[PDB]
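Just the one chain here, laid out as C-alpha cells, in the form deposited in one PDB entry.
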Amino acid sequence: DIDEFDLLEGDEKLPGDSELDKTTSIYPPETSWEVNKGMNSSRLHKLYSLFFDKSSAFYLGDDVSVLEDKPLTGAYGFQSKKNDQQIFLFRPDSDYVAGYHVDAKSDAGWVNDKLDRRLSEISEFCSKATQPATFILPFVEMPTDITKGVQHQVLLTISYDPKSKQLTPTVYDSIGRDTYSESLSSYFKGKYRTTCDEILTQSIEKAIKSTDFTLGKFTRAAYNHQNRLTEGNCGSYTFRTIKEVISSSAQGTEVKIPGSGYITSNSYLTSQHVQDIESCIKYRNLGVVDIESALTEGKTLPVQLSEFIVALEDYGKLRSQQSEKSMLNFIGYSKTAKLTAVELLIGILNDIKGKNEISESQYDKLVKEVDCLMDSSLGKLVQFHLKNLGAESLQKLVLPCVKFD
C-alpha cells in the first residue's frame, strides 16, 4: 500500500468551495486577497489577532490590559494602563447594518435588530457602570432606495462618563468612492442623505430614553475625502481607526484622524500597517476560538506549521481552479512548475507534521524546487511562514527531520 493518511484535514483542512460564505468557525488563508479587495466581518475579526502581537504596528499591549471579567456580551473588555478607562471592542458581525434612504422626503430607514439590541445592551451596562467606558462597534451602512447600493464600512464609538452620566456617540467614516452623487444631489437640489446618521442617532436615543443619561453631541468624523479610495480600502481604514480609538481612549487624548491631526492618510494607514493586514488575511489560518483566546487572555498567536500547509493548499487551489491569460516571451516559472513545487512541499510538510520524518530523496527533490518555491507571490507566502516559524529557509526548516541513506 501507499496512501494511508496523507489526508489534509483537522488543522490542515482547507474549507471547500460551497463552505465559502457559510464558515464562521475558521478564517482560512486567502492568498490572493489585497487591501483593495475589501473587508467583511470575518476578515475584520481575523485582523483582531494583531492587537497583542508585540511585533505588529497594531499592538495594544502598552495601552491596555485585559478586563478581569466579561461584563459585555459580544465584546472584548480592556482596561487602560494609563487611565481608569474601560474599553469594549465588539466582535464584528455581518448583521451590524443600517439601511437609509437617499431621498430626504422618505423616512430615515432602519437599523438591523441585532445592532439595536447591542445599543440597548450598551445602555443597560452604562446604567450600572461605576467607571468611564468606551464602546467600539464596527458596522456598515447602505442606501436602500437606489439600485446598485454599496455596503459602506464605518465605525461607531460611544463613550460613557458616569460622573456627568453623559453618553457620547461618534461615527468615524473613511470616505469611499461614489459614496456621493452630484446627479442625485442636484435632483434633490440638496436634500439628500448620504449616511445613516438620522436613523442611527434616533436609534441611540431610543436605546437610552428610559435612563438618566444625557446624549452628547453626535459627531460624524469623516476622512479621506479626496484621497479617493475604493470601498475596499475603507475597511482597512476602519481597522486602523479601531486601533486609534483604543489607544487614544487609553491615553485619554482626542482621537486623531487623517484630515484632523494626521498629515497624510498613509501616515495613518502606513505601508507597514498594510503589510500587517495583508499578511494576516492572506497567509494565516485562525480559529474563532483562537482569536477569542488571544483577546481574552491578551497574548500573541504564534504561527503554526499547519497554517503554512493550509496556505499552500489555498495558493494551489486557486491556481489549479483558474485559467490564466497565457502570455508570451515569459520570464519566470510556469504555472505547472509552481503547482508541482507546491504539491511537493505540502506533502513534505504534512509528512513532517505527522511522521516527524522525511526521506532523503524527498529532501533532494525539495532542494531542487526551492528556488521556484521562493519566487514571486509564492515566495512571499513561503517567506512569511519561514519567518514566523523561525526558520532561515526551507532547507534549514526541513533538514532536522530528514533520515539519511
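From 1 onward, residues are counted along the sequence shown. By rigid core we mean the largest C-alpha set that fits within 1.5 Å across both forms.
One more form of this protein exists, namely the form deposited in another entry; it is left out here, but the text below deals with it.
Asker: Superpose on the core and compare between this form and the one not shown; which one of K317, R177, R117, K206 crosses the 2 Å Cα shift mark?
Answerer: The listed residue whose C-alpha shifts by at least 2 Å is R177.
Asker: Answer yes if the Cα of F188 shifts by 2 angstroms or more between this form and the one not shown on a rigid-core superposition, and no otherwise.
Answerer: Yes.
Asker: Does superposing the core leave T130 with a CA shift of 2 Å or more between this form and the one not shown?
Answerer: No; that C-alpha moves by less than 2 Å between this form and the one not shown.
Asker: Determine whether the C-alpha of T270 shifts by 2 Å or more between this form and the one not shown once the rigid core is superposed.
Answerer: It does not, since the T270 C-alpha is displaced less than 2 Å between this form and the one not shown after the core fit.
Asker: Would you mind telling me if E141 and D178 are closer or farther apart in that other deposited form than in the shown form, C-alpha to C-alpha, with a 3 Å or larger change?
Answerer: Those two alpha carbons end up farther apart in that other deposited form.
Asker: Given a change of 3 Å or more, say if the Cα atoms of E141 and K189 sit closer or farther in that other deposited form than in this form.
Answerer: Result: closer.
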